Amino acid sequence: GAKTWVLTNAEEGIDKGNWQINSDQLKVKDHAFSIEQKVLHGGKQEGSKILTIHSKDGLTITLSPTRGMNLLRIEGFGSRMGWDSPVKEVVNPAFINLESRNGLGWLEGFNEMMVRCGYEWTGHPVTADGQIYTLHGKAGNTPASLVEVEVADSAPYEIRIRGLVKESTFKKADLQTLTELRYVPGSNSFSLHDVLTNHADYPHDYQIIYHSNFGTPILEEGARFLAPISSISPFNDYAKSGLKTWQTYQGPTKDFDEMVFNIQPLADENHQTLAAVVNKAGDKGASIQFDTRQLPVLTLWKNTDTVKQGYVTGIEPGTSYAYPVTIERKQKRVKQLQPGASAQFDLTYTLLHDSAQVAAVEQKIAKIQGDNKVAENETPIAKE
């Protein structure tokens, strides 16, 4: 079957803190691994936890239960999924005021490979309904209430890490997400299987962007963005000049800031699509597979500014674009979950570590693109 360890359970008032298991204790001499929770200290990181899967000749996956089960970084195969933010600390949400800087205090903690920007709302901040809707919602700055590590009894010893992140407020909402990361030791991919449940007796809105962020050694001058798309448009007027070269990345560029593109992806016959970033040579990359019934739109964030400012790209499948909640409501992208109902989010991330792997991804994308022409539309779909 499987062994489960409950690391954190708020209903029983318990948290194991520092903890580790390893493949020697389970008596398995195949692809060695360990799973470890560490309580961090110093600065604004005081009391933050990280949980890591260390796989011999596979991926090392670091996530933070304190920060909504956000993925900090993925390393392996001479590469990584991650970037180098000026924010070096794993910031305890107790030291972040999301309302500060007119709804941009979230920037004080942003350094992750994957942040769930949701679920009660998402996107750029706005003052509306008499309140501040803060940048990218609350999931990424909510400590998990339940954290469980499961390891399969039988080969290939799949690891599942679940974390329940709650957005429970009297008179407002009771949205809770059971996040799950799955990883087979030695594999070059992992998957997320997240389930958002509306525990209230009333329907409630939700939004989510799987904000996935990649820097060197995949991002570089001449790196490319690959996706099957029916249309692409600039987020704002500043991005218009980058529309023609949407598929190619510049090297680290002073005064660039960012250019964002809103994409309507194409999917295969079973609603699966794939997006990727690959290096100039075409021998390193990262791909994200997602289901367009769950996540119908895609944001491309090209943050090719200096290495210290942040040299990174975001491939961001979502229910929404990053416009503020007022625009996402007006344009009918905000979703609704019936009382007691659940929404699933299935994503597969692959660290592409040779030319053949990049070629296969590029071939699949071409097959989905087929003879459909990419419509490059210069007019932004909204103005904030």
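Sequential numbering from 1, following the sequence displayed.
- Taking only CA atoms, the mean B-factor in the PDB entry is higher for 299-307 than for the other of 299-307 and 163-171.
- The deposited model assigns a higher average Cα B-factor to 240-248 than to the other stretch when 139-147 and 240-248 are compared.
- Within the group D346, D354, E328, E316, the record's highest C-alpha temperature factor is found at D354.
- Comparing C-alpha B-factors across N270, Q289, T122, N213 in the deposited entry, the largest value falls on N270.
- In this PDB entry, the Cα temperature factor of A152 sits in the top third of its chain's modelled residues, the highest group.
- Among the modelled residues of the chain, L178 sits in the lowest third by CA temperature factor in this PDB entry.
- Looking at the C-alpha B-factors along this chain, the one for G58 belongs to the highest third.
- In the deposited entry, the Cα temperature factor of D129 places it in the middle third of its chain's modelled residues.
- In this PDB entry, the Cα temperature factor of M69 sits in the bottom third of its chain's modelled residues, the lowest group.
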